């Protein structure tokens, strides 16, 4: 394990994630994670959370002083969630980066709608 302990603490510092005000506003993920506590379909909900942090941390690369911290935590999320499986991390990283508003992608996505729909069925 290691460095994620100290880095999670650094982020709480920087954002003041420990003040009483944060507490009262309602839980974000934790509550949801408890309702799916006993599942196989839990991966669905966890995939959304993991990508949130991914996108959140990217939204904060401008805050240079914490950037090193975010990278260390992000690495742990990966190695844990995708069991350090290379490729599986590339596909995942490649899907969460696909932009909704790109016209070429919009047309492409729509074209592949049957191929995706049959994968679900």
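Residue numbers count along the first chain shown, from 1.
Stretch comparison (73-81 versus 55-63) by mean CA B-factor in the PDB entry places 55-63 on top. Two stretches are in play, 18-26 and 93-101, and the higher mean C-alpha B-factor belongs to 18-26. When the modelled residues of the chain are ordered by C-alpha B-factor, residue 37 sits in the highest third. Placement of the Cα temperature factor of residue 68 within the chain: middle third of the modelled residues, per the deposited record. Residue 8: CA B factor lies in the lowest third for its chain, per the PDB record.
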